[PDB]
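Single-letter residue listing:
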Amino acid sequence: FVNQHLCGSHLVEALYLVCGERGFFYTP
Amino acid sequence: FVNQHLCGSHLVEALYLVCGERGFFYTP
Amino acid sequence: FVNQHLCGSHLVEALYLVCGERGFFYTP
Amino acid sequence: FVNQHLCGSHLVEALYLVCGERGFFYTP
Amino acid sequence: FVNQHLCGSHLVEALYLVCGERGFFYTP
Amino acid sequence: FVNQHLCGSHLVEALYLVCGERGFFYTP
Amino acid sequence: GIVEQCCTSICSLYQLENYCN
Amino acid sequence: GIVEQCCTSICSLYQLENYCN
Amino acid sequence: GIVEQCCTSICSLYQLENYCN
Amino acid sequence: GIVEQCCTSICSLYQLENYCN
Amino acid sequence: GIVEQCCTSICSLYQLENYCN
Amino acid sequence: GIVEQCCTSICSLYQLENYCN
Ligand SMILES: Oc1cccc(O)c1
Ligand SMILES: Oc1cccc(O)c1
Ligand SMILES: Oc1cccc(O)c1
Ligand SMILES: Oc1cccc(O)c1
Ligand SMILES: Oc1cccc(O)c1
Ligand SMILES: Oc1cccc(O)c1
Ligand SMILES: [Cl-]
Ligand SMILES: [Cl-]
Ligand SMILES: [Zn+2]
Ligand SMILES: [Zn+2]
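- This deposited entry lists X-ray crystallography as its structure determination method and 1.60 Å as its resolution.

### Considerations on the site of ligand 6
- Every residue close to ligand 6 is listed here: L17 of chain A, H5 and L6 of chain B, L11 and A14 of chain F together with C6, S9, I10, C11 and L16 of chain L.
- More than one chain reaches ligand 6: the nearby residues come from chains A, B, F and L.
- With respect to ligand 6, the backbone of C6 of chain L contributes an N or O atom lying 2.6 Å from an oxygen atom.
- Here ligand 6, which alone exposes 240 Å², has 98% of that area covered by the protein.
- Contributions of two or more residues to the shell around ligand 6 are made by α1 (2-19) of chain B together with α1 (2-19) of chain F.
- The class makeup of the residues in the shell around ligand 6 is 8 nonpolar, 2 polar and no charged.

### With respect to the coordination of the zinc ion (ligand 10)
- Here the zinc ion (ligand 10) is held by the protein donor atoms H10 of chain B (NE2), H10 of chain D (NE2) and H10 of chain F (NE2), which lie 2.0 to 2.2 Å from it. Placement of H10 of chain B in helix α1 and of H10 of chain F in helix α1 is noted, with the two residues assigned to different chains. Each member of the pair, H10 of chain B together with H10 of chain F, is buried.

### As for the environment of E21 of chain C
- Within the secondary structure layout, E21 of chain C lies in the loop between α1 (2-19) and β1 (24-26).
- Put simply, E21 of chain C and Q4 of chain C are 17 residues apart on the chain and 27 Å apart in space, counted from C-alpha to C-alpha.

### A few points about the relation of the copies chain A and chain B
- Screw-axis analysis of chain A against chain B gives a translation of 0.0 Å along the axis, an RMSD of 0.4 Å, and a rotation angle of 180 degrees. Accordingly, the operation relating the two chain copies is best matched by a two-fold axis. Nearest to the rotation axis, the C-alpha of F25 of chain A is located 1.8 Å from it, this being the minimum over chain A.

### Re the pattern of salt bridges
- Considering all chains together, one arrives at 6 salt bridges over all chains under this definition.
- Of the charged contacts, one joins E17 of chain L and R22 of chain F as a salt bridge, the two residues approaching to 2.9 Å between their closest N and O atoms. Pair noted here: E17 of chain L is in the segment after α2 (13-16) and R22 of chain F is in the loop between α1 and β1 (24-26), and the two residues belong to different chains.
- We classify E17 of chain L as partly exposed; its relative accessible area is 38%.

### As for the site of ligand 3
- In the vicinity of ligand 3, the residues found are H10, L11 and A14 of chain A, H5 and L6 of chain E, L17 of chain F together with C6, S9, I10, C11 and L16 of chain I.
- Within the side chain of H5 of chain E, an N or O atom sits 3.2 Å from an oxygen atom of ligand 3.
- Here an oxygen atom of ligand 3 sits 2.5 Å away from a polar atom, N or O, in the main chain of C6 of chain I.
- The protein chains hide 99% of the 250 Å² of surface that ligand 3 would expose on its own.
- Those elements that place two or more of their residues in the shell around ligand 3 are α1 (2-19) of chain A together with α1 (2-19) of chain E.
- Looking at the shell around ligand 3 element by element, the count peaks at 3 residues for α1 of chain A.

Rules and cut-offs
Residues numbered from 1 in each chain as written, not as in the entry; some residues may be left out. Chains lettered and ligands numbered in written order. Heavy atoms only, no water. Residues with missing side-chain atoms left out of burial classes, pairs and counts. Near = heavy atom within 4 Å. Polar contact = N/O pair within 3.5 Å; in protein donor to acceptor, adjacent residues only side chain to side chain. Areas by Shrake-Rupley, 256 points an atom, 1.4 Å probe, with all protein chains shown as cover. Helix = DSSP H or I, 4+ residues; strand = E, 2+ residues; numbered from the N terminus. Nonpolar A, V, L, I, M, F, W, Y, C, P; charged D, E, K, R; others polar. Donors = N, O, S within 2.8 Å, 3.2 Å for Na, K, Ca; no water. Buried < 20%, exposed > 50% of the residue type's maximum accessible area, 1.4 Å probe, protein only. Least-squares fit on C-alpha atoms. Salt bridge = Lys/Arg side-chain N within 4 Å of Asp/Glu carboxyl O.

Structure representation (structure tokens):
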């Protein structure tokens, strides 16, 4: 639903910042 | 170093949109 | 309402990415 | 080419905020 | 709650743009 | 001048995430 | 148009592309 | 302050500007 | 996983860090 | 265009308003 | 990697799709 | 300031925390 899709996008930005040069897999 | 860092941020958002339910992997 | 305003902002980023060198008109 | 592309992304968000209900046009 | 956290993040971007070289304090 | 401006935008989002309930100050 | 359509259901990139020029 | 005000109604750029330094 | 966890409560940076590689 | 004007100098909000509909 | 390919040239959506799971 | 320190080198989250209230 739209709210979950929009939250994800914020979630990936937060992961980008936290994970740094480690990276991440994103699976929703 | 700031440019690659800021580029990655954009990259992550684009991968989020293009990958949908598959998710993606981000390796810096 | 706030939720629609916030959704729009995501919507324009998604259009930017999809439309590429074609561009878009955004009308809410 | 990446710099204009990443600039456009910011441009689009700013136009969204400044234009409100009028919307805007984005031509790259 | 998640919705308020997400709204904040949009709020700081809008303040960045409006306030310009003046800056701002953000207190939630 | 555009580069510092676009960097600030990213900076603001990162400060939002790292500071949580404390908030932050942004001085350009 | 776009807001009523894409803020009520997730629009795919194919749906969004209809709004391009 | 800002969250109670601007996450319950759309704040215009003029409303937001009150929070500038 | 991440969406059910972090879209229902605010995940801190410490919670998010669990999803890093 | 907006990219020539506003990716080479910082455009004000007033200047950006020239690209509203 | 994606940073070498896509921070030095503009990657299309098709190209970005190579980094989906 | 933050722009001098953090737009010329990548600031860690620890370093960014120096600009919290
Ligand atoms: O339905 C939507 C709403 C906002 C962004 C997006 O990619 C899709
Ligand atoms: O009321 C709001 C909330 C968030 C961003 C914005 O521009 C306005
Ligand atoms: O719980 C969340 C959801 C999205 C972004 C974030 O930093 C935390
Ligand atoms: O000149 C610019 C470029 C990008 C965003 C901003 O709003 C101003
Ligand atoms: O080549 C790129 C770099 C960053 C975002 C974009 O999606 C494409
Ligand atoms: O050094 C920086 C610059 C911008 C965002 C980031 O969080 C770190
Ligand atoms: Cl949102
Ligand atoms: Cl950028
Ligand atoms: Zn959002
Ligand atoms: Zn950027």
